[PDB]
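Coming up is one lone chain in structure tokens, specifically the form deposited without its partner chain.
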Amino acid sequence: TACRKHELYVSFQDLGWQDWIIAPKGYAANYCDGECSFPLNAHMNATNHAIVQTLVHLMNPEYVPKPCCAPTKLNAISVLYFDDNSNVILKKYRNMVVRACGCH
């Protein structure tokens, strides 16, 4: 139940890109989920702010929430698509895949 990367597959049909695209038909976009709480490492899975916010939340849970599980590393995906002039284009889409999660 800790802050971690979960598997998620996105087909290009879900984006309505299916008719445009040749390869791939989808990709593993993945997602960050989990409770953000101690232990926390400021050189691994948390920021200094996230450590301080966890402390404030423990003292006053009413008004300040816990930090949240978000990406630390994102990868690009390369897509091969057709255009109207029947050109074959290779486009790199940055910040598209989740590699590692952390508390922010």
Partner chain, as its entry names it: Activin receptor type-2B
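Numbering follows the first chain given and starts at 1.
As recorded in the PDB entry, 79-87 is the stretch of 92-100 and 79-87 with the greater mean C-alpha temperature factor. Comparing 54-62 with 23-31, the higher mean C-alpha B-factor in the PDB entry belongs to 54-62. In the deposited entry, the Cα temperature factor of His49 places it in the lowest third of its chain's modelled residues.
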